[PDB]
Amino acid sequence: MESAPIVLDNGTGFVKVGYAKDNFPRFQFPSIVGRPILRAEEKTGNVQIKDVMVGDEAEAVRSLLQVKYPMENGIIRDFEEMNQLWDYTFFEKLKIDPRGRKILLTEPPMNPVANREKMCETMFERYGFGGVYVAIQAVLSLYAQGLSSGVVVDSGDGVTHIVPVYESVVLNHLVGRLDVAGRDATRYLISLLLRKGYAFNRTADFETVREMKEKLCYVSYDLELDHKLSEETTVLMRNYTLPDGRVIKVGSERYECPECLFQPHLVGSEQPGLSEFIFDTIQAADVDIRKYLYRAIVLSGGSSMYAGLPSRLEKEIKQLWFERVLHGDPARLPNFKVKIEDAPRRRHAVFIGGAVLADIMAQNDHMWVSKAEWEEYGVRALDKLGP
Amino acid sequence: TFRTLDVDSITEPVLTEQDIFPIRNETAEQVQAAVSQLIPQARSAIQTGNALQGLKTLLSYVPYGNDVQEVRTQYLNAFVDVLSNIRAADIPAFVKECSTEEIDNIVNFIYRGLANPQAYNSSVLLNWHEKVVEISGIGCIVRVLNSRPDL
Amino acid sequence: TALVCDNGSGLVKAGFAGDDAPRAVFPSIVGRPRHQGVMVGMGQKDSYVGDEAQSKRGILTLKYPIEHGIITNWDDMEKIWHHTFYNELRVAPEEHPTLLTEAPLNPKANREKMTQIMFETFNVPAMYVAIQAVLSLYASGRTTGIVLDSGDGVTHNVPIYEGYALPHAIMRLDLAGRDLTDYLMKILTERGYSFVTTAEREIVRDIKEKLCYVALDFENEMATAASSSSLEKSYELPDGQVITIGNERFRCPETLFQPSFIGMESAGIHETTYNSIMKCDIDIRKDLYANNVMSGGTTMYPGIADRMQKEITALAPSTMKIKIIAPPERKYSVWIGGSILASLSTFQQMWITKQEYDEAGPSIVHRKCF
Amino acid sequence: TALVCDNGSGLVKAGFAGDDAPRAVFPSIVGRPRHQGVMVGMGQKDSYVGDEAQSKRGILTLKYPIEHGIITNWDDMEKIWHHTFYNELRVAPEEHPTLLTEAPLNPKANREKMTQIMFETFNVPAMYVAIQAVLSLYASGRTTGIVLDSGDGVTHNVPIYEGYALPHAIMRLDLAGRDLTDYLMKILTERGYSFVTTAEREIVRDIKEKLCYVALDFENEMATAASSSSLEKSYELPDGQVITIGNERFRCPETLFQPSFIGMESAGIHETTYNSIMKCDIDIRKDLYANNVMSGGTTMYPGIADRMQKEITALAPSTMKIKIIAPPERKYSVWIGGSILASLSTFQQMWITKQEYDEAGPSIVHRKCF
Ligand SMILES: Nc1ncnc2c1ncn2[C@@H]1O[C@H](COP(=O)(O)OP(=O)(O)OP(=O)(O)O)[C@@H](O)[C@H]1O
Ligand SMILES: Nc1ncnc2c1ncn2[C@@H]1O[C@H](COP(=O)(O)OP(=O)(O)O)[C@@H](O)[C@H]1O
Ligand SMILES: Nc1ncnc2c1ncn2[C@@H]1O[C@H](COP(=O)(O)OP(=O)(O)O)[C@@H](O)[C@H]1O
Ligand SMILES: [Mg+2]
Ligand SMILES: [Mg+2]
Ligand SMILES: [Mg+2]
């Protein structure tokens, strides 16, 4: 495959994996583990269910599996299941012997330190990687853009987080989590569909509503317009066919679902949504740099892909500088240049950025935490990895 | 809260109908004179019974513009009056001899007469609508859909 | 050739002798990156300087290595000196004899340690280090006058008569643009325009340079601002917000005429002219009033020449004529005068040079640099 | 009798002049319900204030109408004054004159809109708007000092000597018990505890009040906390669920001495106090080292008075005798100070009366008050 560093975005919803200088993930698959179950459902000799089924092998066969997720909110909940993703990732997707390899990992900006420690311990002591580096997921997405300033916001399956950057300095006091992302919009889609009477409360049906959200949802650009189309008109109604063959009608739930990123109170969170979170983050930066942040807001991660999200977010920041800085005076609004970067690749920007960064530091062997350094200092060897 | 404050109206100025259709060159008083000389020719053509030559001459010029409702309405009053005074068996002999430009002026104003039934008799306009579309084809309505909005 | 700089307490200006204006002029600043986290694939300096620090400033702590005209950080001056030579003027210093400056009544060791690094680190053939006021009598075609100067960290009056210094009457005041910026930054809190960061000092310094003026009758101008908005003006910060500045725009420069505004229980800018003129000799005092040149960047305010005229005229006896001389090139005048002196047809023997420094050390500078 | 009402930037304190502690003291909060679904007619209301907001907080969104000592939200601040008068003190305010409190270097428009709405709504007979640090001096029983106030939203130094305050020497910093709670909500993420609601901020405040302390020497406590669980403690949430907390007990208060932990460019409170005394004249500097009075609830941590001394004695010259005055009642010292001041025989002529507000409007407060 390659002799250069391996890179692994072990995301909350998808693992993406490959090597330094890859222009796109070598593989990606759901970060799911399954165990065999029987369920008053179809059975077939067309496939054989092993005791542990993971990644693509599980998601293609999940009618037969008790599906479980090793991660939530960007943290590993169960390491015995994350070991069964990492075994699969290295031994039967990449088909590697990890002994002495160097690997780049990722995690979100405010995780428990016990998560990075036990993730590095596992890399040194199950697999025996020769070197490890862990990067904050949103600073990777800035190397993908070929860029060195402008606030980058990453929204994944687990967490939405923001990292302001100016002239290659990373503003660690302004980095932030919004604990609402692509999974809370999916648990919410199940809860909207339950008002229509459709039940999706089996563990294997969660991937079906992920595929449904990912297919049919869009972010409303103007809520009183989509509420007009929703209440006055049939035009929003769309038929989705489940893998069961059942057809379900979905309507206001197309815009009303991804709206929880802009209004977290719909999912019971008191936090401010994307527009108000990015504004209260840029507007907390020092006076000299705020222009260079509004001139380059960078979107990233799969939950930034909803149709209309770049346009809703740009509008909803022009609309919010207008309330909170101009106090509703139109005279200065045309002077407020805000720009959203919303590139075609952006779902993979954390991986594509990781694959750039893992080239920049492939040969600098002191830059990685080495296995030989881990085995003498333990967890204190990770203090190499910044503030 | 902020969600309802519109900004598109004040940061992204939209097109105007005068960007899509060229503005009228003739001034308001210059068309108000041009119509006020024609309406007496149409009123006279009814009084001498030659109402069909009334329509042929009235239809030789058309007023248009958001500045001229007080004379577009007078032109429409004369046109609906002239349509109400042509015998229904003469209509197929008039329509087959109109140019495609004149036809697209007739059917454009019958859809203005049909917009105001409390001032115009619809029954004779619907009769002209059947005969003008049956003779000259469905595209003559499509040229009305597409036409200038200040006609 | 020769090379001259006013090593300024906030704004360095430098160039070659016989040029009519300085070819390098930049903030007297070393800046350092304020946050621990940097993108690991990309370049940052140890520290930034001049217009590079000024344009980078949002992520920097900014340190002025000169304060009140005293070199406070020699280890940082060694960077801004290097910046004048190798980055702005693009010279090799070992070719060029040099003219430096300092204020009167400076710490004696400042004159010594700048001499020490100019020979031991910048290798120069020769130097001299003149009184900033004396250079600012040059570039006005003059040999008698009471030069009045205000820089960034320094103010002083020097009476010169027919080419002779008068050190009983010389005096220096530690008020200048730095203290006026601190006071403007403080009184802007009164509107709610909170500026606190070393980087925000710079945008408040820009507001001071652009929006301020010296009012002619402060106690009535204050009542004018209370009764009319017609003297309020708008300034746009680098983020695009707009700031309304009113009576605070002339309260700031007033601190020169009323130092008690910053708690300084000391004589005003006009009074220090009188307390030096009326300390000069019994006849020459009668024509210092005809030859008082203004110099240094803080003397650039609009309205200041009219104020300076009326106030010293109220203190002086009205039997004799009074003016004030205020060149439009005011803010460079120390350097313009240095450019003249370092190219003058008798000054080419005046320097200190290595052949004497190698045996006297830096201790020689006090023996011929006044 | 007169009322004294400390406009706490997080904790309101109200009472009658000459009484020795606040008669009522409650959070400066207005809370609104975050749920629209309701048991109809069942006693709900559209705003809960003070202890009604705390006891109901799980269903509310809580917002303080004061931030950094500035009232950001006037339509809600008058609900808090309505509560201080009619529900806590249980009086008609129009019978009693009110002493209010303010931070130094606040927007003058804050003190204007405060004196306006206090006469124009509550119709008090008379009022005054004293600076919090000079109030705290009365409770300390002395005429010389350098009061260090540290509240919920601000911290400030006011050097003061035989009653002459030094307004050029004042320092103010927007770092206080709110920012220490923000930083505790941030660093506790490293344990895997996520706090995000404005209700959970009050849990993180209660943790910070019960378990945090100032390290006497920070990088020695950091080494000690890494060396053993000897330093760890436990807290039980309003859920029966248990929290364990370790070096986070002193990394939180350390922010007050190292503002760079929250990215803010400032001196810590030791260096800020030193730079405030070093801004006073040298005859006064000899005495204010012996009189560092402390005030407000952020000066309340275990170990702060000793570490405040060990830091300020490293900056002060060794010939000086250097003392911190930290009373056991220091949380309320500005209110006890106002209770003393409003009771003085000599103060009763210098209230602003309702009669002289009508002659001038709210801008009278700038001549009647400091
Ligand atoms: N077109 C789309 N429309 C809606 N949602 C999308 C779209 N494309 C991807 N997503 C959602 O993005 C999520 C996966 O994105 P991503 O791989 O960036 O998350 P992750 O990196 O695994 O999560 P995290 O970064 O939080 O650990 C899923 O919820 C998926 O349904
Ligand atoms: N237009 C202006 N009006 C008022 N002050 C000005 C103006 N332009 C520059 N300044 C002041 O000039 C000062 C610099 O003067 P300068 O002569 O360079 O100081 P120094 O003698 O210390 O070298 C700055 O502090 C700045 O505030
Ligand atoms: N015992 C204590 N130990 C530590 N912090 C305390 C203690 N008691 C209260 N606090 C702090 O006191 C602050 C309130 O102080 P206070 O002086 O009343 O502020 P304010 O007057 O401005 O409203 C709270 O933000 C809290 O962090
Ligand atoms: Mg991700
Ligand atoms: Mg100078
Ligand atoms: Mg307080």
# chains A, B, ... in the order shown; residues from 1 in each chain; ligands from 1

$ calpha_fit_rmsd --fixed "chain C" --moving "chain D"
0.6 Å

$ select_by_dssp --residues "range 24-66 of chain D" --states "strand (DSSP E or B)" --output "PyMOL selection string"
chain D and resi 24-27+30-33+48-49+60-63+66

$ write_last_selection --atoms "N, CA and C atoms" --output "short mmCIF file (atom, residue, chain, number, x, y, z; two decimals), in the first residue's frame"
data_model
loop_
_atom_site.label_atom_id
_atom_site.label_comp_id
_atom_site.auth_asym_id
_atom_site.auth_seq_id
_atom_site.Cartn_x
_atom_site.Cartn_y
_atom_site.Cartn_z
N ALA D 24 -31.05 41.33 53.24
CA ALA D 24 -31.29 40.30 52.24
C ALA D 24 -30.18 40.29 51.19
N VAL D 25 -29.78 39.11 50.73
CA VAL D 25 -28.66 38.92 49.82
C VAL D 25 -28.91 37.71 48.92
N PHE D 26 -28.99 37.94 47.61
CA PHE D 26 -29.50 36.97 46.64
C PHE D 26 -28.89 37.17 45.24
N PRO D 27 -28.77 36.13 44.40
CA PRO D 27 -28.14 36.24 43.10
C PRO D 27 -28.75 37.30 42.19
N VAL D 30 -32.06 37.14 36.56
CA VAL D 30 -33.43 36.97 36.07
C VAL D 30 -33.46 35.69 35.25
N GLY D 31 -34.30 34.74 35.63
CA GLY D 31 -34.47 33.48 34.93
C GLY D 31 -35.81 33.43 34.22
N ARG D 32 -35.83 32.89 33.01
CA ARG D 32 -37.06 32.68 32.22
C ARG D 32 -37.23 31.21 31.91
N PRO D 33 -38.45 30.65 31.88
CA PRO D 33 -38.63 29.24 31.61
C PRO D 33 -38.21 28.91 30.19
N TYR D 48 -38.53 34.71 36.93
CA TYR D 48 -38.18 34.37 38.30
C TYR D 48 -36.88 35.08 38.66
N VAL D 49 -36.74 35.64 39.86
CA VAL D 49 -35.58 36.46 40.23
C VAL D 49 -34.94 36.01 41.53
N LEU D 60 -35.25 26.68 33.88
CA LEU D 60 -35.03 28.07 33.48
C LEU D 60 -33.79 28.20 32.58
N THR D 61 -33.72 29.27 31.82
CA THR D 61 -32.47 29.82 31.32
C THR D 61 -32.16 31.04 32.17
N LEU D 62 -30.99 31.09 32.80
CA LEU D 62 -30.63 32.14 33.75
C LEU D 62 -29.74 33.16 33.06
N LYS D 63 -30.04 34.45 33.20
CA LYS D 63 -29.12 35.49 32.75
C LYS D 63 -29.00 36.62 33.74
N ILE D 66 -26.18 42.16 34.86
CA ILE D 66 -24.86 42.79 34.96
C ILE D 66 -23.78 41.86 34.40
#

$ residues_around --residues "residue 124 in chain C" --least-positions-apart "4" --cutoff "9 Å" --atoms "only C-alpha atoms" --output "ChimeraX atom specification"
/C:93-98,118-120,353-354

$ write_last_selection --atoms "N, CA and C atoms" --output "mmCIF file, in the first residue's frame"
data_model
loop_
_atom_site.group_PDB
_atom_site.id
_atom_site.type_symbol
_atom_site.label_atom_id
_atom_site.label_comp_id
_atom_site.auth_asym_id
_atom_site.auth_seq_id
_atom_site.Cartn_x
_atom_site.Cartn_y
_atom_site.Cartn_z
ATOM 1 N N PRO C 93 26.475 47.841 8.205
ATOM 2 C CA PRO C 93 26.908 48.932 9.087
ATOM 3 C C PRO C 93 28.416 49.211 9.121
ATOM 4 N N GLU C 94 29.263 48.217 8.864
ATOM 5 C CA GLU C 94 30.722 48.374 8.848
ATOM 6 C C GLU C 94 31.250 49.304 7.734
ATOM 7 N N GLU C 95 30.415 49.720 6.776
ATOM 8 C CA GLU C 95 30.749 50.752 5.780
ATOM 9 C C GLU C 95 30.432 52.193 6.235
ATOM 10 N N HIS C 96 29.441 52.403 7.113
ATOM 11 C CA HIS C 96 28.811 53.719 7.311
ATOM 12 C C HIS C 96 29.048 54.308 8.710
ATOM 13 N N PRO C 97 29.572 55.538 8.859
ATOM 14 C CA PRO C 97 29.578 56.236 10.144
ATOM 15 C C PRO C 97 28.153 56.657 10.526
ATOM 16 N N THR C 98 27.834 56.704 11.824
ATOM 17 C CA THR C 98 26.436 56.785 12.293
ATOM 18 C C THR C 98 26.133 57.938 13.252
ATOM 19 N N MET C 118 27.091 49.603 19.566
ATOM 20 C CA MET C 118 27.369 50.092 18.216
ATOM 21 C C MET C 118 28.781 49.733 17.742
ATOM 22 N N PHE C 119 29.797 49.796 18.608
ATOM 23 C CA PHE C 119 31.127 49.286 18.257
ATOM 24 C C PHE C 119 31.299 47.771 18.475
ATOM 25 N N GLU C 120 30.831 47.185 19.584
ATOM 26 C CA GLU C 120 31.092 45.764 19.880
ATOM 27 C C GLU C 120 30.160 44.777 19.152
ATOM 28 N N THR C 353 35.357 57.148 17.340
ATOM 29 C CA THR C 353 35.750 56.067 16.420
ATOM 30 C C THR C 353 36.618 55.008 17.117
ATOM 31 N N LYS C 354 36.703 53.799 16.539
ATOM 32 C CA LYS C 354 37.289 52.595 17.158
ATOM 33 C C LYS C 354 38.679 52.817 17.745
#

$ residues_near_ligand --ligand "ligand 6" --cutoff "7 Å" --atoms "only C-alpha atoms and all ligand atoms" --output "ChimeraX atom specification"
/D:8-9,150-152,296

$ write_last_selection --atoms "N, CA, C and O atoms" --output "mmCIF file, in the first residue's frame"
data_model
loop_
_atom_site.group_PDB
_atom_site.id
_atom_site.type_symbol
_atom_site.label_atom_id
_atom_site.label_comp_id
_atom_site.auth_asym_id
_atom_site.auth_seq_id
_atom_site.Cartn_x
_atom_site.Cartn_y
_atom_site.Cartn_z
ATOM 1 N N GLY D 8 -24.591 44.097 43.102
ATOM 2 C CA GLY D 8 -23.651 43.016 42.899
ATOM 3 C C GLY D 8 -23.637 42.571 41.445
ATOM 4 O O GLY D 8 -24.684 42.319 40.855
ATOM 5 N N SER D 9 -22.448 42.475 40.861
ATOM 6 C CA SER D 9 -22.269 41.974 39.503
ATOM 7 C C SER D 9 -22.592 40.482 39.376
ATOM 8 O O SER D 9 -22.719 39.984 38.263
ATOM 9 N N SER D 150 -12.666 42.267 44.501
ATOM 10 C CA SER D 150 -12.735 41.193 43.520
ATOM 11 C C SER D 150 -14.080 40.497 43.601
ATOM 12 O O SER D 150 -14.313 39.660 44.463
ATOM 13 N N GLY D 151 -15.013 40.905 42.757
ATOM 14 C CA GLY D 151 -16.397 40.463 42.831
ATOM 15 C C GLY D 151 -16.681 39.251 41.966
ATOM 16 O O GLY D 151 -15.830 38.395 41.739
ATOM 17 N N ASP D 152 -17.898 39.198 41.454
ATOM 18 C CA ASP D 152 -18.319 38.242 40.441
ATOM 19 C C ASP D 152 -17.846 38.660 39.048
ATOM 20 O O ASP D 152 -17.357 37.817 38.313
ATOM 21 N N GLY D 296 -14.798 41.682 48.526
ATOM 22 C CA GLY D 296 -15.582 40.967 47.530
ATOM 23 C C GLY D 296 -15.284 39.479 47.502
ATOM 24 O O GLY D 296 -14.214 39.027 47.898
#

$ residues_near_ligand --ligand "ligand 1" --cutoff "6 Å" --atoms "only C-alpha atoms and all ligand atoms" --output "ChimeraX atom specification"
/A:11-14,74,156-159,182-183,210,213-214,301-303,305-306,347

$ write_last_selection --atoms "N, CA, C and O atoms" --output "PDB file, in the first residue's frame"
ATOM      1  N   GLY A  11     -13.712   8.658  13.541  1.00  0.00           N
ATOM      2  CA  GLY A  11     -14.879   9.454  13.844  1.00  0.00           C
ATOM      3  C   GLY A  11     -15.961   8.676  14.587  1.00  0.00           C
ATOM      4  O   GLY A  11     -15.964   7.450  14.630  1.00  0.00           O
ATOM      5  N   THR A  12     -16.896   9.409  15.175  1.00  0.00           N
ATOM      6  CA  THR A  12     -18.016   8.902  15.963  1.00  0.00           C
ATOM      7  C   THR A  12     -19.034   8.145  15.128  1.00  0.00           C
ATOM      8  O   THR A  12     -19.738   7.294  15.664  1.00  0.00           O
ATOM      9  N   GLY A  13     -19.144   8.463  13.838  1.00  0.00           N
ATOM     10  CA  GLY A  13     -20.083   7.824  12.924  1.00  0.00           C
ATOM     11  C   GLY A  13     -19.395   7.069  11.806  1.00  0.00           C
ATOM     12  O   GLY A  13     -19.882   6.019  11.400  1.00  0.00           O
ATOM     13  N   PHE A  14     -18.256   7.560  11.324  1.00  0.00           N
ATOM     14  CA  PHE A  14     -17.454   6.878  10.319  1.00  0.00           C
ATOM     15  C   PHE A  14     -15.994   6.848  10.710  1.00  0.00           C
ATOM     16  O   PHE A  14     -15.404   7.886  11.002  1.00  0.00           O
ATOM     17  N   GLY A  74     -17.806  12.072  20.328  1.00  0.00           N
ATOM     18  CA  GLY A  74     -16.364  12.106  20.074  1.00  0.00           C
ATOM     19  C   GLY A  74     -15.478  11.404  21.113  1.00  0.00           C
ATOM     20  O   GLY A  74     -14.259  11.564  21.057  1.00  0.00           O
ATOM     21  N   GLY A 156     -19.571  16.762  12.811  1.00  0.00           N
ATOM     22  CA  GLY A 156     -19.521  15.348  12.479  1.00  0.00           C
ATOM     23  C   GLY A 156     -20.799  14.600  12.826  1.00  0.00           C
ATOM     24  O   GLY A 156     -21.873  15.179  12.889  1.00  0.00           O
ATOM     25  N   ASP A 157     -20.710  13.302  13.063  1.00  0.00           N
ATOM     26  CA  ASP A 157     -21.802  12.514  13.619  1.00  0.00           C
ATOM     27  C   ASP A 157     -21.920  12.729  15.120  1.00  0.00           C
ATOM     28  O   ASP A 157     -23.019  12.711  15.644  1.00  0.00           O
ATOM     29  N   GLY A 158     -20.820  12.933  15.829  1.00  0.00           N
ATOM     30  CA  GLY A 158     -20.811  12.999  17.281  1.00  0.00           C
ATOM     31  C   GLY A 158     -20.842  14.414  17.826  1.00  0.00           C
ATOM     32  O   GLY A 158     -21.635  14.705  18.714  1.00  0.00           O
ATOM     33  N   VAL A 159     -19.982  15.298  17.333  1.00  0.00           N
ATOM     34  CA  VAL A 159     -19.771  16.624  17.918  1.00  0.00           C
ATOM     35  C   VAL A 159     -19.610  17.706  16.862  1.00  0.00           C
ATOM     36  O   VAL A 159     -19.034  17.473  15.807  1.00  0.00           O
ATOM     37  N   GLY A 182     -24.549  15.388  13.826  1.00  0.00           N
ATOM     38  CA  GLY A 182     -25.295  14.497  12.953  1.00  0.00           C
ATOM     39  C   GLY A 182     -26.058  13.369  13.646  1.00  0.00           C
ATOM     40  O   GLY A 182     -27.051  12.922  13.079  1.00  0.00           O
ATOM     41  N   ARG A 183     -25.674  12.916  14.843  1.00  0.00           N
ATOM     42  CA  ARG A 183     -26.404  11.886  15.599  1.00  0.00           C
ATOM     43  C   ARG A 183     -27.586  12.445  16.360  1.00  0.00           C
ATOM     44  O   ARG A 183     -28.636  11.818  16.367  1.00  0.00           O
ATOM     45  N   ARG A 210     -30.262   7.216   9.584  1.00  0.00           N
ATOM     46  CA  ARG A 210     -29.094   7.956   9.098  1.00  0.00           C
ATOM     47  C   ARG A 210     -29.126   8.066   7.581  1.00  0.00           C
ATOM     48  O   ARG A 210     -29.047   9.171   7.076  1.00  0.00           O
ATOM     49  N   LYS A 213     -32.052  10.578   6.630  1.00  0.00           N
ATOM     50  CA  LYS A 213     -31.626  11.958   6.915  1.00  0.00           C
ATOM     51  C   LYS A 213     -30.653  12.455   5.857  1.00  0.00           C
ATOM     52  O   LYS A 213     -30.818  13.523   5.290  1.00  0.00           O
ATOM     53  N   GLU A 214     -29.639  11.657   5.583  1.00  0.00           N
ATOM     54  CA  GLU A 214     -28.559  11.927   4.645  1.00  0.00           C
ATOM     55  C   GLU A 214     -29.086  12.067   3.206  1.00  0.00           C
ATOM     56  O   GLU A 214     -28.594  12.884   2.434  1.00  0.00           O
ATOM     57  N   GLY A 301     -16.700  18.488   7.827  1.00  0.00           N
ATOM     58  CA  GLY A 301     -17.340  17.341   8.464  1.00  0.00           C
ATOM     59  C   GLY A 301     -18.718  17.048   7.896  1.00  0.00           C
ATOM     60  O   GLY A 301     -19.361  17.908   7.299  1.00  0.00           O
ATOM     61  N   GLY A 302     -19.163  15.803   7.996  1.00  0.00           N
ATOM     62  CA  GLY A 302     -20.312  15.341   7.232  1.00  0.00           C
ATOM     63  C   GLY A 302     -21.594  16.066   7.581  1.00  0.00           C
ATOM     64  O   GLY A 302     -22.369  16.412   6.706  1.00  0.00           O
ATOM     65  N   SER A 303     -21.804  16.419   8.836  1.00  0.00           N
ATOM     66  CA  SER A 303     -23.001  17.128   9.266  1.00  0.00           C
ATOM     67  C   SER A 303     -23.024  18.593   8.799  1.00  0.00           C
ATOM     68  O   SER A 303     -24.022  19.276   8.956  1.00  0.00           O
ATOM     69  N   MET A 305     -22.981  19.093   5.554  1.00  0.00           N
ATOM     70  CA  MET A 305     -23.394  18.848   4.166  1.00  0.00           C
ATOM     71  C   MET A 305     -24.863  19.131   3.853  1.00  0.00           C
ATOM     72  O   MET A 305     -25.196  19.179   2.671  1.00  0.00           O
ATOM     73  N   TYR A 306     -25.743  19.345   4.831  1.00  0.00           N
ATOM     74  CA  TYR A 306     -27.170  19.559   4.570  1.00  0.00           C
ATOM     75  C   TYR A 306     -27.414  20.631   3.509  1.00  0.00           C
ATOM     76  O   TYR A 306     -26.875  21.730   3.601  1.00  0.00           O
ATOM     77  N   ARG A 347     -16.789  17.014   3.686  1.00  0.00           N
ATOM     78  CA  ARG A 347     -17.093  15.869   4.567  1.00  0.00           C
ATOM     79  C   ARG A 347     -15.814  15.179   5.039  1.00  0.00           C
ATOM     80  O   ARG A 347     -15.701  14.813   6.203  1.00  0.00           O
TER      81      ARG A 347
END

$ residues_near_ligand --ligand "ligand 2" --cutoff "6 Å" --atoms "only C-alpha atoms and all ligand atoms" --output "list in words"
residues 8, 9, 10, 11, 151, 152, 153, 154, 177, 178, 205, 209, 296, 297, 298, 300, 301 and 331 of chain C

$ residues_around --residues "residue 179 in chain A" --least-positions-apart "6" --cutoff "12 Å" --atoms "only C-alpha atoms" --output "PyMOL selection string"
(chain A and resi 72-75+108-111+154-162+185+260-261+264-265+267-274+277) or (chain D and resi 194-197)

$ write_last_selection --atoms "C-alpha atoms" --output "compact mmCIF listing (two decimals), in the first residue's frame"
# COMPACT_ATOMS: atom_id res chain seq x y z
CA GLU A 72 -20.57 8.97 21.39
CA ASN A 73 -19.94 12.79 21.40
CA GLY A 74 -16.36 12.11 20.07
CA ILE A 75 -15.30 9.86 23.06
CA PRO A 108 -12.16 16.82 19.13
CA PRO A 109 -10.90 19.93 21.03
CA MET A 110 -12.18 19.34 24.62
CA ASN A 111 -12.18 15.55 25.23
CA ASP A 154 -16.36 20.98 11.97
CA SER A 155 -19.69 19.16 12.38
CA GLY A 156 -19.52 15.35 12.48
CA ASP A 157 -21.80 12.51 13.62
CA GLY A 158 -20.81 13.00 17.28
CA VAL A 159 -19.77 16.62 17.92
CA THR A 160 -19.80 20.09 16.34
CA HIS A 161 -16.69 22.10 17.26
CA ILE A 162 -14.98 25.34 16.28
CA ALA A 185 -30.30 15.26 14.38
CA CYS A 260 -31.66 21.45 15.57
CA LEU A 261 -28.06 22.47 14.62
CA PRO A 264 -30.38 23.06 19.87
CA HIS A 265 -33.42 23.64 22.17
CA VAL A 267 -33.21 18.44 21.12
CA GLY A 268 -33.23 19.68 24.76
CA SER A 269 -29.77 21.40 24.74
CA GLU A 270 -29.60 25.02 26.06
CA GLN A 271 -26.47 25.80 23.93
CA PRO A 272 -26.67 28.34 21.04
CA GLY A 273 -26.78 26.83 17.49
CA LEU A 274 -24.22 27.13 14.63
CA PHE A 277 -22.13 29.83 18.33
CA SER D 194 -19.67 18.14 30.65
CA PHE D 195 -21.46 21.22 32.06
CA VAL D 196 -23.20 23.46 29.45
CA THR D 197 -26.56 24.79 30.69

$ residues_around --residues "residue 4 in chain B" --least-positions-apart "6" --cutoff "9 Å" --atoms "only C-alpha atoms" --output "list in words"
residues 222, 223, 224 and 319 of chain A

$ interface_residues --of "chain A" --to "chain C" --cutoff "8 Å" --atoms "only C-alpha atoms" --output "list in words"
residues 139, 166, 167, 168, 169, 170, 171, 172, 286, 287, 288, 289, 290, 291, 325, 335, 336, 357, 360, 361, 386 and 387 of chain A

$ residues_around --residues "range 40-47 of chain B" --least-positions-apart "6" --cutoff "8 Å" --atoms "only C-alpha atoms" --output "PDB file with C-alpha atoms, in the first residue's frame"
ATOM      1  CA  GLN B  53     -62.375  49.345 -38.724  1.00  0.00           C
ATOM      2  CA  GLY B  54     -62.600  50.822 -35.197  1.00  0.00           C
ATOM      3  CA  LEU B  55     -60.658  47.840 -33.801  1.00  0.00           C
ATOM      4  CA  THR B  57     -57.275  51.521 -35.991  1.00  0.00           C
ATOM      5  CA  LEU B  58     -57.456  51.346 -32.129  1.00  0.00           C
ATOM      6  CA  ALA B  78     -62.551  51.690 -25.625  1.00  0.00           C
ATOM      7  CA  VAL B  82     -65.319  47.957 -29.530  1.00  0.00           C
ATOM      8  CA  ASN B  85     -69.926  46.025 -30.876  1.00  0.00           C
TER       9      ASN B  85
END

$ interface_residues --of "chain D" --to "chain C" --cutoff "7 Å" --atoms "only C-alpha atoms" --output "PyMOL selection string"
chain D and resi 105-109+168+265

$ atom_distance --atom1 "CA of residue 169 in chain C" --atom2 "CA of residue 277 in chain C"
7.2 Å

$ atom_distance --atom1 "CA of residue 52 in chain A" --atom2 "CA of residue 85 in chain A"
9.9 Å
